[PDB]
file target14.cif (mmCIF, C-alpha atoms and all ligand atoms)
data_run
loop_
_atom_site.label_atom_id
_atom_site.label_comp_id
_atom_site.auth_asym_id
_atom_site.auth_seq_id
_atom_site.Cartn_x
_atom_site.Cartn_y
_atom_site.Cartn_z
CA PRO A 12 124.73 126.29 17.63
CA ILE A 13 121.89 128.60 18.74
CA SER A 14 119.87 127.87 21.89
CA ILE A 15 116.22 126.96 21.55
CA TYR A 16 115.53 129.97 23.75
CA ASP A 17 117.26 132.29 21.24
CA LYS A 18 115.60 130.58 18.27
CA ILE A 19 112.08 131.34 19.56
CA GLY A 20 112.67 135.00 20.53
CA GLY A 21 114.41 134.83 23.91
CA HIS A 22 112.99 136.22 27.15
CA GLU A 23 109.96 137.97 25.71
CA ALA A 24 108.86 134.83 23.92
CA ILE A 25 109.09 132.81 27.15
CA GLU A 26 106.95 135.44 28.94
CA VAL A 27 104.32 135.27 26.17
CA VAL A 28 104.18 131.48 26.25
CA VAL A 29 103.94 131.31 30.03
CA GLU A 30 101.14 133.85 30.30
CA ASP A 31 99.10 131.99 27.65
CA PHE A 32 99.94 128.62 29.25
CA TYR A 33 98.54 129.78 32.65
CA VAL A 34 95.38 131.06 31.00
CA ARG A 35 94.88 127.55 29.59
CA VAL A 36 95.84 125.73 32.81
CA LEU A 37 93.71 127.82 35.17
CA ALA A 38 90.79 127.71 32.73
CA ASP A 39 90.83 123.92 32.94
CA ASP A 40 88.30 122.84 35.60
CA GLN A 41 90.29 119.62 36.07
CA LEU A 42 93.42 121.59 37.04
CA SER A 43 92.48 124.92 38.58
CA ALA A 44 91.83 123.64 42.15
CA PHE A 45 95.45 122.48 42.43
CA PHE A 46 96.50 126.14 42.52
CA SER A 47 94.02 127.27 45.21
CA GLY A 48 96.84 127.73 47.81
CA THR A 49 99.43 129.05 45.38
CA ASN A 50 101.32 132.34 45.24
CA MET A 51 100.45 132.80 41.59
CA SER A 52 102.63 135.82 40.73
CA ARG A 53 105.60 133.93 42.21
CA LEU A 54 104.67 130.75 40.33
CA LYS A 55 104.53 132.44 36.95
CA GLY A 56 107.94 134.02 37.62
CA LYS A 57 109.31 130.62 38.54
CA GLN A 58 107.80 129.03 35.42
CA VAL A 59 109.47 131.70 33.22
CA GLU A 60 112.75 130.87 34.94
CA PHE A 61 112.26 127.14 34.46
CA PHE A 62 111.37 127.41 30.75
CA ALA A 63 114.11 129.97 30.01
CA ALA A 64 116.81 127.95 31.80
CA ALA A 65 115.69 124.65 30.29
CA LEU A 66 115.71 126.05 26.76
CA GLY A 67 119.25 127.43 27.16
CA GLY A 68 118.73 131.06 28.14
CA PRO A 69 120.91 133.05 30.61
CA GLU A 70 118.15 133.11 33.27
CA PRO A 71 118.87 131.05 36.40
CA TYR A 72 116.13 128.72 37.63
CA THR A 73 115.83 129.58 41.30
CA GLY A 74 112.88 127.34 42.07
CA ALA A 75 112.57 123.89 43.59
CA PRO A 76 113.07 120.48 42.02
CA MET A 77 110.02 119.13 40.18
CA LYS A 78 109.45 116.01 42.37
CA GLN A 79 109.57 118.01 45.60
CA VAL A 80 107.17 120.66 44.28
CA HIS A 81 104.60 118.34 42.76
CA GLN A 82 104.54 115.34 45.09
CA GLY A 83 101.76 114.78 47.58
CA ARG A 84 99.17 116.79 45.65
CA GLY A 85 97.29 113.91 43.98
CA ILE A 86 98.33 114.98 40.47
CA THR A 87 97.57 112.16 38.00
CA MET A 88 99.13 111.13 34.71
CA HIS A 89 95.92 112.47 33.17
CA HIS A 90 96.51 115.87 34.78
CA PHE A 91 100.07 115.86 33.40
CA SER A 92 98.77 115.09 29.91
CA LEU A 93 96.36 118.05 30.23
CA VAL A 94 99.15 120.38 31.30
CA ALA A 95 101.54 119.17 28.57
CA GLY A 96 98.69 119.66 26.08
CA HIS A 97 98.07 123.22 27.29
CA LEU A 98 101.79 123.90 26.87
CA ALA A 99 101.79 122.61 23.30
CA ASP A 100 98.70 124.72 22.68
CA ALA A 101 100.30 127.85 24.14
CA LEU A 102 103.39 127.35 21.87
CA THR A 103 101.05 126.95 18.90
CA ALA A 104 99.13 130.11 19.86
CA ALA A 105 102.42 131.99 20.17
CA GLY A 106 103.35 130.96 16.62
CA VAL A 107 106.27 128.67 17.40
CA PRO A 108 107.01 126.47 14.38
CA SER A 109 105.70 122.91 14.86
CA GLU A 110 109.09 121.14 14.82
CA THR A 111 110.29 123.54 17.54
CA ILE A 112 107.15 122.88 19.58
CA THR A 113 108.11 119.20 19.43
CA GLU A 114 111.67 120.03 20.47
CA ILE A 115 110.45 122.14 23.44
CA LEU A 116 107.98 119.53 24.70
CA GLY A 117 110.85 117.06 24.41
CA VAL A 118 113.08 119.23 26.61
CA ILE A 119 110.43 120.21 29.17
CA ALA A 120 108.33 117.09 29.67
CA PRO A 121 111.13 114.82 30.95
CA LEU A 122 112.47 117.54 33.23
CA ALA A 123 108.94 118.01 34.67
CA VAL A 124 109.05 114.38 35.86
CA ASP A 125 112.65 114.62 37.20
CA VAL A 126 114.46 112.86 34.40
CA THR A 127 117.88 114.31 33.54
CA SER A 128 119.82 111.65 31.62
CA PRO B 12 119.77 112.59 8.32
CA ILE B 13 119.83 109.25 10.20
CA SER B 14 116.90 108.15 12.38
CA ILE B 15 117.40 107.90 16.12
CA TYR B 16 116.39 104.27 15.74
CA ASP B 17 119.26 103.65 13.30
CA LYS B 18 121.72 105.64 15.42
CA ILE B 19 121.20 103.40 18.46
CA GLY B 20 121.39 100.03 16.66
CA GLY B 21 117.95 99.56 15.12
CA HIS B 22 115.53 96.76 16.00
CA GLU B 23 117.83 94.75 18.22
CA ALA B 24 118.65 97.78 20.33
CA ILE B 25 114.93 98.52 20.83
CA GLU B 26 114.37 94.89 21.95
CA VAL B 27 117.25 95.15 24.45
CA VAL B 28 115.98 98.43 25.89
CA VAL B 29 112.41 97.19 26.21
CA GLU B 30 113.34 93.95 27.97
CA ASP B 31 115.48 95.86 30.50
CA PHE B 32 112.79 98.54 30.89
CA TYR B 33 110.15 95.89 31.84
CA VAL B 34 112.51 94.33 34.34
CA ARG B 35 112.77 97.74 36.01
CA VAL B 36 109.05 98.54 35.77
CA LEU B 37 107.77 95.20 37.07
CA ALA B 38 110.41 95.20 39.82
CA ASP B 39 108.98 98.48 41.10
CA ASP B 40 106.46 97.71 43.87
CA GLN B 41 104.73 101.02 43.12
CA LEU B 42 104.05 99.95 39.51
CA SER B 43 103.79 96.18 39.26
CA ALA B 44 100.13 95.87 40.34
CA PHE B 45 99.03 97.95 37.35
CA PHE B 46 99.98 95.04 35.10
CA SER B 47 98.14 92.32 37.06
CA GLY B 48 95.48 91.92 34.28
CA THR B 49 97.86 92.42 31.37
CA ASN B 50 98.81 90.18 28.46
CA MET B 51 102.49 90.76 29.08
CA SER B 52 103.99 89.10 25.98
CA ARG B 53 101.61 91.20 23.86
CA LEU B 54 102.47 94.36 25.82
CA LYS B 55 106.20 93.99 25.33
CA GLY B 56 105.64 93.46 21.59
CA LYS B 57 103.52 96.58 21.50
CA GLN B 58 106.12 98.58 23.43
CA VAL B 59 108.83 97.52 20.92
CA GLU B 60 106.53 98.71 18.14
CA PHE B 61 105.85 102.01 19.89
CA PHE B 62 109.53 102.77 20.60
CA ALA B 63 110.69 101.64 17.14
CA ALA B 64 108.03 103.67 15.32
CA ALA B 65 108.52 106.75 17.50
CA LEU B 66 112.28 106.74 16.96
CA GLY B 67 111.89 106.53 13.16
CA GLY B 68 112.21 102.82 12.40
CA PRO B 69 110.25 100.91 9.70
CA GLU B 70 108.13 99.04 12.29
CA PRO B 71 104.43 100.01 12.36
CA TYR B 72 102.88 100.76 15.74
CA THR B 73 99.76 98.64 15.77
CA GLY B 74 98.70 99.40 19.31
CA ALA B 75 96.20 101.82 20.81
CA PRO B 76 96.51 105.52 21.51
CA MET B 77 98.19 106.37 24.81
CA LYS B 78 95.21 108.18 26.45
CA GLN B 79 92.81 105.34 25.67
CA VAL B 80 95.20 102.68 27.00
CA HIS B 81 96.21 104.43 30.20
CA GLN B 82 93.07 106.26 31.31
CA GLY B 83 90.91 104.99 34.14
CA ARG B 84 93.70 103.06 35.86
CA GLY B 85 94.58 105.57 38.60
CA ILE B 86 98.08 106.17 37.22
CA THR B 87 99.59 109.27 38.88
CA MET B 88 102.15 111.81 37.75
CA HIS B 89 104.43 110.14 40.28
CA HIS B 90 103.94 106.77 38.57
CA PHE B 91 104.78 108.40 35.22
CA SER B 92 107.98 109.87 36.67
CA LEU B 93 108.93 106.38 37.91
CA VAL B 94 108.32 104.85 34.50
CA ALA B 95 110.18 107.62 32.65
CA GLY B 96 113.04 107.14 35.13
CA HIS B 97 113.13 103.38 34.50
CA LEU B 98 113.27 104.12 30.76
CA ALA B 99 116.21 106.49 31.17
CA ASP B 100 117.86 103.85 33.34
CA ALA B 101 117.29 101.10 30.76
CA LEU B 102 118.86 103.33 28.02
CA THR B 103 121.82 103.95 30.33
CA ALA B 104 122.18 100.21 31.04
CA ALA B 105 122.07 99.51 27.31
CA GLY B 106 124.95 101.95 26.76
CA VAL B 107 123.11 104.64 24.82
CA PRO B 108 125.14 107.85 24.85
CA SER B 109 123.72 110.40 27.32
CA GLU B 110 122.75 113.07 24.75
CA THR B 111 120.82 110.39 22.83
CA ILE B 112 119.09 109.27 26.02
CA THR B 113 117.93 112.87 26.39
CA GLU B 114 116.77 112.92 22.77
CA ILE B 115 114.81 109.64 23.22
CA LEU B 116 113.11 110.71 26.44
CA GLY B 117 112.21 113.92 24.61
CA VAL B 118 110.56 111.95 21.79
CA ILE B 119 108.82 109.36 23.95
CA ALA B 120 107.61 111.26 27.01
CA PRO B 121 105.33 113.72 25.18
CA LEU B 122 103.89 110.97 23.00
CA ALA B 123 103.14 108.91 26.17
CA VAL B 124 100.85 111.74 27.33
CA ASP B 125 99.20 112.22 23.88
CA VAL B 126 101.03 115.32 22.77
CA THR B 127 101.87 115.44 19.04
CA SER B 128 102.56 119.07 18.13
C1 LIG C 1 105.41 120.19 31.99
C2 LIG C 1 104.87 120.00 33.18
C3 LIG C 1 105.19 120.86 34.37
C4 LIG C 1 106.20 121.77 34.63
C5 LIG C 1 107.38 122.11 33.76
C6 LIG C 1 105.95 122.36 35.90
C7 LIG C 1 106.77 123.28 36.53
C8 LIG C 1 106.54 123.87 37.75
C9 LIG C 1 107.34 124.88 38.34
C10 LIG C 1 108.60 125.45 37.71
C11 LIG C 1 106.75 125.23 39.52
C12 LIG C 1 107.25 126.28 40.49
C13 LIG C 1 108.22 125.66 41.50
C14 LIG C 1 108.66 126.57 42.64
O1 LIG C 1 107.92 127.45 43.11
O2 LIG C 1 109.83 126.47 43.11
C15 LIG C 1 105.58 124.41 39.63
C16 LIG C 1 104.68 124.54 40.64
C17 LIG C 1 103.43 123.91 40.61
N1 LIG C 1 102.96 123.00 39.72
FE1 LIG C 1 103.88 122.41 38.14
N2 LIG C 1 104.85 121.79 36.42
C18 LIG C 1 104.32 120.92 35.57
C19 LIG C 1 103.17 120.16 35.71
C20 LIG C 1 102.22 120.31 36.70
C21 LIG C 1 101.01 119.61 36.72
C22 LIG C 1 100.63 118.50 35.79
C23 LIG C 1 100.30 120.09 37.81
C24 LIG C 1 98.93 119.64 38.08
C25 LIG C 1 98.03 120.54 38.44
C26 LIG C 1 101.09 121.13 38.40
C27 LIG C 1 100.80 121.84 39.53
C28 LIG C 1 101.71 122.70 40.13
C29 LIG C 1 101.33 123.44 41.33
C30 LIG C 1 100.00 123.33 42.07
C31 LIG C 1 102.41 124.19 41.65
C32 LIG C 1 102.53 125.21 42.76
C33 LIG C 1 102.74 124.77 44.15
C34 LIG C 1 102.57 126.04 44.97
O3 LIG C 1 103.46 126.92 45.01
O4 LIG C 1 101.53 126.22 45.62
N3 LIG C 1 102.26 121.20 37.69
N4 LIG C 1 105.45 123.60 38.54
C1 LIG C 2 106.81 106.79 28.70
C2 LIG C 2 105.70 106.37 29.28
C3 LIG C 2 104.82 105.30 28.70
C4 LIG C 2 104.74 104.74 27.44
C5 LIG C 2 105.51 105.11 26.20
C6 LIG C 2 103.76 103.69 27.48
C7 LIG C 2 103.37 102.93 26.39
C8 LIG C 2 102.44 101.91 26.42
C9 LIG C 2 102.11 101.08 25.32
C10 LIG C 2 102.72 101.20 23.95
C11 LIG C 2 101.20 100.17 25.77
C12 LIG C 2 100.55 99.07 24.95
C13 LIG C 2 99.29 99.57 24.26
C14 LIG C 2 98.45 98.53 23.54
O1 LIG C 2 98.39 97.35 23.94
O2 LIG C 2 97.82 98.83 22.48
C15 LIG C 2 100.97 100.48 27.15
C16 LIG C 2 100.19 99.73 27.96
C17 LIG C 2 100.17 99.89 29.36
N1 LIG C 2 100.78 100.85 30.10
FE1 LIG C 2 101.94 102.21 29.42
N2 LIG C 2 103.24 103.66 28.71
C18 LIG C 2 103.82 104.55 29.50
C19 LIG C 2 103.60 104.80 30.85
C20 LIG C 2 102.84 104.03 31.69
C21 LIG C 2 102.75 104.25 33.07
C22 LIG C 2 103.31 105.43 33.80
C23 LIG C 2 101.97 103.22 33.59
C24 LIG C 2 101.75 103.08 35.03
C25 LIG C 2 101.81 101.88 35.56
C26 LIG C 2 101.65 102.35 32.48
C27 LIG C 2 100.86 101.24 32.52
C28 LIG C 2 100.45 100.57 31.38
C29 LIG C 2 99.61 99.38 31.49
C30 LIG C 2 99.05 98.79 32.79
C31 LIG C 2 99.42 98.96 30.23
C32 LIG C 2 98.69 97.71 29.77
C33 LIG C 2 97.21 97.69 29.74
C34 LIG C 2 96.87 96.23 29.46
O3 LIG C 2 97.00 95.72 28.33
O4 LIG C 2 96.45 95.51 30.39
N3 LIG C 2 102.19 102.91 31.36
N4 LIG C 2 101.75 101.53 27.54
#

call {"tool": "encode", "arguments": {"input": "target14.cif", "output": "C-alpha cells", "more": "lines below"}}
Ligand code: HEM
Ligand code: HEM
result
Amino acid sequence: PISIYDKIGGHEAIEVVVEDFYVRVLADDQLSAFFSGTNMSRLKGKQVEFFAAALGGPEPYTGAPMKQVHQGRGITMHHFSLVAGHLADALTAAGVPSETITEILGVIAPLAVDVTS
Amino acid sequence: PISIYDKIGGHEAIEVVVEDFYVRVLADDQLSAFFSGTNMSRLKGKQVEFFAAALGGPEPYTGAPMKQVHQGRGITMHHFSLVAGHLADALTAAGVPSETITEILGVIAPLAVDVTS
C-alpha cells in the first residue's frame, strides 16, 4: 500500500507534528520537570526519528528502547495519558484526518510502552 | 468491511482473551495489589464489554471512563506497559494472528489512556 508516513506528508509532516507536540508537552506543568536534565535538541531529533520510523518512513530510529529510556523517572499512567493526549492534539492541529490520527496513536502508543506483537 | 471483533471469533474469543489476560495480570506481583479492593467478577464482565465494544462488536460498554476508573491509584507508566504486555501475550496465547494483535493493541491502548481522536 502506502505508508502512514507517506499518507500524512512524509518527513516535513513529522517535523511539524513533533515541534507542536513538544510545545504542548513542555507547556504542561505536570510534565515539564521531567525534561529538566534533557538534551532537548537531541530529544526532538530522536522523536522525529521514532515517529518517522514507526509510521513506515525511510528514517532509521537511532535512539534507545522505550523501557530503558523512560524507566526510573517516576512517570505515571496519568503522565502517559497526558502525553498521548498532547500527541493527538498535535496531529489535530497539524490537520491530520481523524481516522489517521486514530491509526497513528494506535501505532505509537503500544510501541511507547514496549509492546511489539 | 468486517469488524476486528468478528475477525477474531466474536464474543467467545473476547471471553477467552480476557480470562487469560486476568490470569497474567493477577499473577504479576507488581500488579496484583491494585485489585485488592476490586469486585473481580464484575471487573472481568466490564473488561469483556470494553474489549468487545472497542473492537466493533454489538456489546455495549456499560462501565466507567478510563481516566475516572484508573486515577488516584498510583498506577505508573511501567504498570501500564506490564498490562499492555500481558494483553499482547494473552492474544498470542489465544492464537490471534500477529498483525491482528498489533491492530488490537492499537485500538485498545489509546482508549485505555482516554484518547479518542
Ligand atoms: C507516546 C508516548 C511516548 C513516546 C513515543 C516517547 C518517545 C521517546 C523517545 C523517542 C525518546 C528519546 C530516546 C533517546 O534519546 O534515545 C524519549 C525520551 C524521553 N521521554 Fe518519552 N516517549 C513517550 C512518553 C513519555 C512520557 C509519558 C514521559 C513523561 C514525562 C516522557 C519523558 C521522556 C523524557 C524525560 C525523555 C528524555 C530522557 C533524557 O534524554 O533526558 N516520555 N521518549
Ligand atoms: C490497556 C490497558 C487497560 C484497560 C483497557 C483497562 C480497562 C479497565 C476497565 C474496562 C475497567 C473496569 C471499569 C468499570 O468497572 O467501570 C478497569 C478497572 C480497573 N483497572 Fe484497568 N485498564 C487498563 C490498565 C490498567 C492498569 C495498567 C492497571 C494497573 C494495575 C489497572 C487497574 C485497574 C483496576 C485496579 C481496576 C478496578 C477498579 C475497581 O473496580 O476496584 N488497569 N480497567

call {"tool": "residues_around", "arguments": {"input": "target14.cif", "residues": "residue 55 (chain B)", "least_positions_apart": "6", "cutoff": "8 Å", "atoms": "all atoms listed in the file", "output": "list in words"}}
result
residues 29, 30 and 33 of chain B

call {"tool": "interface_residues", "arguments": {"input": "target14.cif", "of": "chain A", "to": "chain B", "cutoff": "6 Å", "atoms": "all atoms listed in the file", "output": "ChimeraX atom specification"}}
result
/A:86-88,92,96,109,113,117-118,124,126,128

call {"tool": "axis_aligned_box", "arguments": {"input": "target14.cif", "around": "region 49-57 of chain A", "padding_each_side": "4 Å", "output": "AutoDock Vina command-line options"}}
result
--center_x 104.4 --center_y 132.4 --center_z 41.2 --size_x 17.9 --size_y 14.8 --size_z 16.4

call {"tool": "residues_near_point", "arguments": {"input": "target14.cif", "point": "(104.9, 130.8, 37.7)", "cutoff": "12 Å", "atoms": "all atoms listed in the file", "output": "CSV table (one decimal) with C-alpha atoms, in the frame of the given file"}}
result
chain,number,residue,atom,x,y,z
A,25,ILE,CA,109.1,132.8,27.2
A,26,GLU,CA,107.0,135.4,28.9
A,28,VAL,CA,104.2,131.5,26.2
A,29,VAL,CA,103.9,131.3,30.0
A,30,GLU,CA,101.1,133.8,30.3
A,31,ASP,CA,99.1,132.0,27.6
A,32,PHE,CA,99.9,128.6,29.2
A,33,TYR,CA,98.5,129.8,32.6
A,34,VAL,CA,95.4,131.1,31.0
A,36,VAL,CA,95.8,125.7,32.8
A,37,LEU,CA,93.7,127.8,35.2
A,46,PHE,CA,96.5,126.1,42.5
A,49,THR,CA,99.4,129.0,45.4
A,50,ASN,CA,101.3,132.3,45.2
A,51,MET,CA,100.4,132.8,41.6
A,52,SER,CA,102.6,135.8,40.7
A,53,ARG,CA,105.6,133.9,42.2
A,54,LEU,CA,104.7,130.8,40.3
A,55,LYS,CA,104.5,132.4,37.0
A,56,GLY,CA,107.9,134.0,37.6
A,57,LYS,CA,109.3,130.6,38.5
A,58,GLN,CA,107.8,129.0,35.4
A,59,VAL,CA,109.5,131.7,33.2
A,60,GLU,CA,112.8,130.9,34.9
A,61,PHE,CA,112.3,127.1,34.5
A,62,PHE,CA,111.4,127.4,30.8
A,72,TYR,CA,116.1,128.7,37.6
A,73,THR,CA,115.8,129.6,41.3
A,74,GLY,CA,112.9,127.3,42.1
A,75,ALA,CA,112.6,123.9,43.6

call {"tool": "calpha_fit_and_write", "arguments": {"input": "target14.cif", "fixed": "chain A", "moving": "chain B", "output": "mmCIF file with C-alpha atoms, keeping the file's coordinate frame"}}
result
data_model
loop_
_atom_site.group_PDB
_atom_site.id
_atom_site.type_symbol
_atom_site.label_atom_id
_atom_site.label_comp_id
_atom_site.auth_asym_id
_atom_site.auth_seq_id
_atom_site.Cartn_x
_atom_site.Cartn_y
_atom_site.Cartn_z
ATOM 1 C CA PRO B 12 124.737 126.286 17.628
ATOM 2 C CA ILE B 13 121.892 128.599 18.744
ATOM 3 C CA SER B 14 119.867 127.874 21.894
ATOM 4 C CA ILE B 15 116.214 126.962 21.547
ATOM 5 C CA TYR B 16 115.533 129.968 23.746
ATOM 6 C CA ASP B 17 117.256 132.281 21.245
ATOM 7 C CA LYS B 18 115.592 130.584 18.269
ATOM 8 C CA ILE B 19 112.086 131.341 19.560
ATOM 9 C CA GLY B 20 112.668 134.995 20.530
ATOM 10 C CA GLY B 21 114.402 134.836 23.905
ATOM 11 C CA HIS B 22 112.986 136.223 27.152
ATOM 12 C CA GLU B 23 109.962 137.966 25.711
ATOM 13 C CA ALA B 24 108.852 134.829 23.914
ATOM 14 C CA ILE B 25 109.096 132.808 27.153
ATOM 15 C CA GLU B 26 106.950 135.441 28.944
ATOM 16 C CA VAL B 27 104.320 135.273 26.176
ATOM 17 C CA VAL B 28 104.185 131.475 26.247
ATOM 18 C CA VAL B 29 103.943 131.310 30.028
ATOM 19 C CA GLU B 30 101.132 133.857 30.293
ATOM 20 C CA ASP B 31 99.098 131.986 27.648
ATOM 21 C CA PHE B 32 99.938 128.624 29.249
ATOM 22 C CA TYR B 33 98.532 129.783 32.652
ATOM 23 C CA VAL B 34 95.383 131.052 31.001
ATOM 24 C CA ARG B 35 94.879 127.552 29.593
ATOM 25 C CA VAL B 36 95.837 125.735 32.805
ATOM 26 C CA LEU B 37 93.708 127.818 35.173
ATOM 27 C CA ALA B 38 90.790 127.716 32.722
ATOM 28 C CA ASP B 39 90.826 123.922 32.942
ATOM 29 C CA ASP B 40 88.302 122.833 35.599
ATOM 30 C CA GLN B 41 90.291 119.619 36.071
ATOM 31 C CA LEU B 42 93.421 121.592 37.044
ATOM 32 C CA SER B 43 92.477 124.918 38.589
ATOM 33 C CA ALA B 44 91.833 123.642 42.141
ATOM 34 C CA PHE B 45 95.447 122.488 42.425
ATOM 35 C CA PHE B 46 96.502 126.137 42.519
ATOM 36 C CA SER B 47 94.024 127.266 45.204
ATOM 37 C CA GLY B 48 96.844 127.725 47.812
ATOM 38 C CA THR B 49 99.430 129.055 45.378
ATOM 39 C CA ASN B 50 101.319 132.341 45.234
ATOM 40 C CA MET B 51 100.453 132.798 41.587
ATOM 41 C CA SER B 52 102.636 135.816 40.724
ATOM 42 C CA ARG B 53 105.605 133.933 42.210
ATOM 43 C CA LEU B 54 104.671 130.746 40.329
ATOM 44 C CA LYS B 55 104.535 132.440 36.953
ATOM 45 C CA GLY B 56 107.945 134.021 37.626
ATOM 46 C CA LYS B 57 109.304 130.620 38.536
ATOM 47 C CA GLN B 58 107.803 129.025 35.423
ATOM 48 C CA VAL B 59 109.471 131.698 33.223
ATOM 49 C CA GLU B 60 112.756 130.871 34.943
ATOM 50 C CA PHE B 61 112.262 127.138 34.457
ATOM 51 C CA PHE B 62 111.369 127.406 30.748
ATOM 52 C CA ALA B 63 114.104 129.971 30.017
ATOM 53 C CA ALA B 64 116.804 127.956 31.794
ATOM 54 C CA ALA B 65 115.686 124.644 30.290
ATOM 55 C CA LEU B 66 115.708 126.048 26.760
ATOM 56 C CA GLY B 67 119.256 127.422 27.163
ATOM 57 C CA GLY B 68 118.736 131.058 28.138
ATOM 58 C CA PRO B 69 120.906 133.046 30.612
ATOM 59 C CA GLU B 70 118.146 133.117 33.272
ATOM 60 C CA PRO B 71 118.866 131.049 36.409
ATOM 61 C CA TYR B 72 116.134 128.721 37.636
ATOM 62 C CA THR B 73 115.823 129.577 41.297
ATOM 63 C CA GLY B 74 112.882 127.342 42.062
ATOM 64 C CA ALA B 75 112.572 123.887 43.585
ATOM 65 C CA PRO B 76 113.065 120.482 42.022
ATOM 66 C CA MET B 77 110.027 119.132 40.183
ATOM 67 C CA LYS B 78 109.451 116.011 42.369
ATOM 68 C CA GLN B 79 109.577 118.014 45.595
ATOM 69 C CA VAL B 80 107.168 120.667 44.285
ATOM 70 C CA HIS B 81 104.599 118.342 42.763
ATOM 71 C CA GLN B 82 104.548 115.336 45.087
ATOM 72 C CA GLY B 83 101.761 114.783 47.579
ATOM 73 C CA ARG B 84 99.170 116.786 45.645
ATOM 74 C CA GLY B 85 97.293 113.909 43.978
ATOM 75 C CA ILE B 86 98.333 114.982 40.473
ATOM 76 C CA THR B 87 97.578 112.160 38.000
ATOM 77 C CA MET B 88 99.127 111.134 34.709
ATOM 78 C CA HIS B 89 95.925 112.464 33.172
ATOM 79 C CA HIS B 90 96.509 115.869 34.780
ATOM 80 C CA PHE B 91 100.069 115.860 33.397
ATOM 81 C CA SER B 92 98.771 115.092 29.900
ATOM 82 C CA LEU B 93 96.364 118.045 30.227
ATOM 83 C CA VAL B 94 99.150 120.377 31.296
ATOM 84 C CA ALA B 95 101.538 119.172 28.575
ATOM 85 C CA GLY B 96 98.691 119.657 26.082
ATOM 86 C CA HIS B 97 98.062 123.218 27.291
ATOM 87 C CA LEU B 98 101.791 123.904 26.868
ATOM 88 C CA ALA B 99 101.792 122.618 23.294
ATOM 89 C CA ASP B 100 98.697 124.725 22.680
ATOM 90 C CA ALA B 101 100.306 127.858 24.141
ATOM 91 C CA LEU B 102 103.393 127.345 21.871
ATOM 92 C CA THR B 103 101.046 126.950 18.901
ATOM 93 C CA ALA B 104 99.132 130.118 19.863
ATOM 94 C CA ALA B 105 102.421 131.989 20.173
ATOM 95 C CA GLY B 106 103.353 130.954 16.622
ATOM 96 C CA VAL B 107 106.273 128.662 17.400
ATOM 97 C CA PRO B 108 107.017 126.474 14.385
ATOM 98 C CA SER B 109 105.700 122.916 14.859
ATOM 99 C CA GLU B 110 109.094 121.139 14.822
ATOM 100 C CA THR B 111 110.281 123.545 17.541
ATOM 101 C CA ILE B 112 107.149 122.874 19.582
ATOM 102 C CA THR B 113 108.108 119.199 19.429
ATOM 103 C CA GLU B 114 111.669 120.034 20.466
ATOM 104 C CA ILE B 115 110.443 122.140 23.443
ATOM 105 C CA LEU B 116 107.983 119.537 24.699
ATOM 106 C CA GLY B 117 110.847 117.051 24.416
ATOM 107 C CA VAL B 118 113.071 119.232 26.618
ATOM 108 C CA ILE B 119 110.434 120.210 29.167
ATOM 109 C CA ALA B 120 108.329 117.088 29.675
ATOM 110 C CA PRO B 121 111.128 114.819 30.946
ATOM 111 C CA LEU B 122 112.474 117.534 33.227
ATOM 112 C CA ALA B 123 108.934 118.013 34.673
ATOM 113 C CA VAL B 124 109.048 114.381 35.854
ATOM 114 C CA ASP B 125 112.650 114.621 37.204
ATOM 115 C CA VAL B 126 114.454 112.860 34.404
ATOM 116 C CA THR B 127 117.885 114.314 33.539
ATOM 117 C CA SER B 128 119.817 111.650 31.628
#

call {"tool": "closest_residue", "arguments": {"input": "target14.cif", "among": "B:12, B:45, B:39, B:17", "to": "residue 67 (chain B)", "atoms": "all atoms listed in the file"}}
result
B:17

call {"tool": "atom_distance", "arguments": {"input": "target14.cif", "atom1": "CA of residue 106 (chain B)", "atom2": "CA of residue 64 (chain B)"}}
result
20.5 Å

call {"tool": "atom_distance", "arguments": {"input": "target14.cif", "atom1": "atom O4 of ligand LIG 2 (chain C)", "atom2": "CA of residue 47 (chain B)"}}
result
7.6 Å

call {"tool": "atom_distance", "arguments": {"input": "target14.cif", "atom1": "atom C26 of ligand LIG 2 (chain C)", "atom2": "CA of residue 66 (chain B)"}}
result
19.3 Å

call {"tool": "closest_residue", "arguments": {"input": "target14.cif", "among": "B:18, B:79, B:23, B:70", "to": "ligand LIG 2 (chain C)", "atoms": "only C-alpha atoms and all ligand atoms"}}
result
B:79

call {"tool": "build_atoms", "arguments": {"input": "target14.cif", "residues": "region 57-63 of chain B", "atoms": "N, CA, C and O atoms", "output": "compact mmCIF listing (two decimals), keeping the file's coordinate frame"}}
result
# COMPACT_ATOMS: atom_id res chain seq x y z
N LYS B 57 104.06 95.29 21.80
CA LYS B 57 103.52 96.58 21.50
C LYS B 57 104.47 97.70 21.89
O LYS B 57 104.54 98.71 21.18
N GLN B 58 105.17 97.55 23.00
CA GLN B 58 106.12 98.58 23.43
C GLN B 58 107.32 98.68 22.44
O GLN B 58 107.76 99.77 22.10
N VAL B 59 107.81 97.54 21.97
CA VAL B 59 108.83 97.52 20.92
C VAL B 59 108.35 98.26 19.67
O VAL B 59 109.06 99.10 19.12
N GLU B 60 107.13 97.98 19.24
CA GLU B 60 106.53 98.71 18.14
C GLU B 60 106.48 100.21 18.40
O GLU B 60 106.81 101.01 17.53
N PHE B 61 106.07 100.60 19.60
CA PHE B 61 105.85 102.01 19.89
C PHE B 61 107.20 102.73 19.83
O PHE B 61 107.32 103.78 19.20
N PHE B 62 108.19 102.17 20.52
CA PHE B 62 109.53 102.77 20.60
C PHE B 62 110.14 102.83 19.18
O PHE B 62 110.62 103.89 18.74
N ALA B 63 110.12 101.70 18.48
CA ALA B 63 110.69 101.64 17.14
C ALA B 63 110.05 102.67 16.19
O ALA B 63 110.77 103.43 15.55
